[PDB]
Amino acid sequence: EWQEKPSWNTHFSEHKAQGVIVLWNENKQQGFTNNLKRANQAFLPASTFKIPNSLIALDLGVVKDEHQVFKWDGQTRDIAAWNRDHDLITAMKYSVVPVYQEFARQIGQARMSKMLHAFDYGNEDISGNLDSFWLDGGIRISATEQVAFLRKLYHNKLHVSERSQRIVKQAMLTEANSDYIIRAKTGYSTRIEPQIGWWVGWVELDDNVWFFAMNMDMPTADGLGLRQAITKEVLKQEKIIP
């Protein structure tokens, strides 16, 4: 079941922001959100799509392992961190779009489409450009659907090999300390309105896992840091992290 916590709206309004956070207590099989309506509203995934894209590329052997080098093609693109060699870990960390656009070209429309359906991923729709449908094409996913997808990934329940799922969860590693581990991926959809930021992932504790997915209106890139900060405010209010 889900549970609306209207009080959670404070963490968006006090930063002059609008958005939704969805939390799922894995032990209790219970979910929470500040707004049920926006929690089920579907948006472009933008770079959160790197999670399923990585999985498919690994499963098909386009990516051999997490340290295989994807050599820069020498084309100077607008983001300097993209204009160099990467592996899967740094391609995820630096959200290196051209690396993932090449994965999509190699996967191809037929296999991309069939795998998204097998994942039950959002509307499972790849309409648009093969190399950009997750930025300006027809694919859409909600915060609650991100959580459903992530829980399957966490439990190795997607129907790719276990190895492919473990490698992707490695590549999602964002923060770890003696209190918690976070595996997650940011997103920033700017190509079509509404411009939004994403953060989806989970928090591993000693004895529970808490899945999360948030999106928020992002008129300016100046607020991108709020994706993680609002999420962390909610986690601390709920005593999930100190």
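Start at 1 and count along the sequence shown; that's the residue number.
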Mean CA B-factor: is it higher for 73-81 or for 168-176?
73-81
Once average C-alpha B-factors are taken from the entry for 31-39 and 53-61, the winner is 31-39
Going by the CA temperature factor in the PDB record, which third of the chain does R183 belong to: lowest, middle or highest?
lowest
Tell me, lowest, middle or highest third: where does the Cα B factor of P194 rank within its chain?
highest
With respect to C-alpha B-factor, does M216 fall in the lowest, middle or highest third of the chain as deposited?
highest
Using the temperature factors of the C-alpha atoms in this entry, rank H159 within its chain: lowest, middle or highest third.
highest
Which third, lowest, middle or highest, does the CA B-factor of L150 fall in along this chain?
lowest
